[PDB]
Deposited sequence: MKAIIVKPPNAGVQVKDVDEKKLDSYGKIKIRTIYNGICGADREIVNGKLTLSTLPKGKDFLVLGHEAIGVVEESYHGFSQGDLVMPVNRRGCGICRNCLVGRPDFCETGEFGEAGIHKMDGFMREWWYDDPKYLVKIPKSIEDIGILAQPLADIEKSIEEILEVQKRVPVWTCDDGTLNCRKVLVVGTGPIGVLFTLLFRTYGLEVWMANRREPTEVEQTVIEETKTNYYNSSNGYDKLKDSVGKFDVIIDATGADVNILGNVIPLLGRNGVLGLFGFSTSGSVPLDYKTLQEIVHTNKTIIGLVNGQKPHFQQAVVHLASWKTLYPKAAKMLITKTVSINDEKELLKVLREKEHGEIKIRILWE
């Protein structure tokens, strides 16, 4: 069977024929892959930065149900949930390995579990999210968007601690969010926060790309060029109710944006920084105490968040049609080995999402 395979911790990737019989099966439902998505985590494993001699790559997939089984009919499009539980802890037992207490969960295409960059796989209906045919084209985004749905859900849950965090009109329209770093993560955070009605500023150390300018315009989002720091933003707009670190950057980014967090505010750490050490002095931390600020680590969406993501992607075809049409940057055929290896190995500037087509 054709599969894209990796050999962690070693760098490298192959697109080749493997023995179908030694690949991981998860249930009774046979699913033929139509699309995969690629993201930074795939790039990391391919570049070695994270009885089986290999692992099937890929955790973003849309496939078609080959034969009707229970609630699933032949021809239905489905997406697998990628993180699966440890089987021992109470969070996993209620279907929420995002909060696994043991750390012994599996992650398709990354850890302990064969991924979905293969011709077909067998899965359990419990781990399958129904993808409407009407969002077949952008539906691949439901996996990355699920992470962001969970993250925003969590931020809103935490802010229930504030006696009144709503605005004079009962909404959250008055609350301002700073999304630091663009790319697929920043863009999806922005789209979702605008959908919820919060004001958004996107920030990056440069002017907007064509895609970001469309998002700015269509979603009525603000943009800040942070090339020379954040003083001018603070001077003009003031402080923010929520700040999202969506950069995989140097942790000194946090030193730049922490002074822009307002009273009762939340700093959501979503990106995985891979450089730097950030100094926090007593003045900064004392201020955090006095003003009820919170810093939260945000990771991993689960089935309910994939479903929310499907509804939002559907909404964006109507609300933000121009931005929705830019979520998918390009599609590469599984049969195009040279182009496939290139995109698996490295991101292109201004890439949102690369899709792999099985044919």
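Could you list the ranges of the deposited sequence that have no C-alpha atoms in the model? Missing CA coords only at 51 to 57.
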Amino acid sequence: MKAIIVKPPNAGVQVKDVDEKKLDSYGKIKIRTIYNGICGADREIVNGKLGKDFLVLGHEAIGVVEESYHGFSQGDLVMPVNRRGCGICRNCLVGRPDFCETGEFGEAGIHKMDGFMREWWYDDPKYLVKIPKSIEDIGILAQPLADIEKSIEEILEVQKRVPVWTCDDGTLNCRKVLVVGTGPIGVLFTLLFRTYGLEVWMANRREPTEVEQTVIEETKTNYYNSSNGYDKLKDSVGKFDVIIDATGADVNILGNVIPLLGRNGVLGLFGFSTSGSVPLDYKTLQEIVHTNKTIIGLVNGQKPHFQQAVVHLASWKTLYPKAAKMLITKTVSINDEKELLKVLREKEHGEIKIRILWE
From here on, numbers count along this sequence of modelled residues.
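Quick one: say whether 201 to 209 or 144 to 152 has the higher mean Cα B-factor in the deposited entry. The deposited B-factors put 201 to 209 ahead on the C-alpha mean.
Quick one: say whether 135 to 143 or 281 to 289 has the higher mean Cα B-factor in the deposited entry. On average, C-alpha B-factors are higher across 281 to 289.
Looking at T214, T171, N82, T190, which has the highest Cα B-factor in the entry? Each of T214, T171, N82, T190 was compared by C-alpha B-factor; the highest is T214.
Sorting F54, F306, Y35, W316 by Cα temperature factor from the record, which one lands on top? Among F54, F306, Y35, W316, the highest C-alpha B-factor in the entry belongs to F54.
Please rank the C-alpha B-factors of the chain's modelled residues and tell me whether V237 sits in the lowest, middle or highest third. Highest third, going by the recorded CA B-factors of the chain.
How does the C-alpha B factor of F270 compare with the rest of the chain: lowest, middle or highest third? Lowest third.
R43's Cα B-factor: lowest, middle or highest third of the chain? According to the entry, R43 has a C-alpha B-factor in the chain's middle third.
Third of chain Cα B-factors occupied by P97: As the PDB entry reports it, the C-alpha B-factor of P97 lands in the lowest third of its chain.
Is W120 in the lowest, middle or highest third of its chain when residues are ranked by C-alpha B-factor? CA B-factor rank for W120: highest third.
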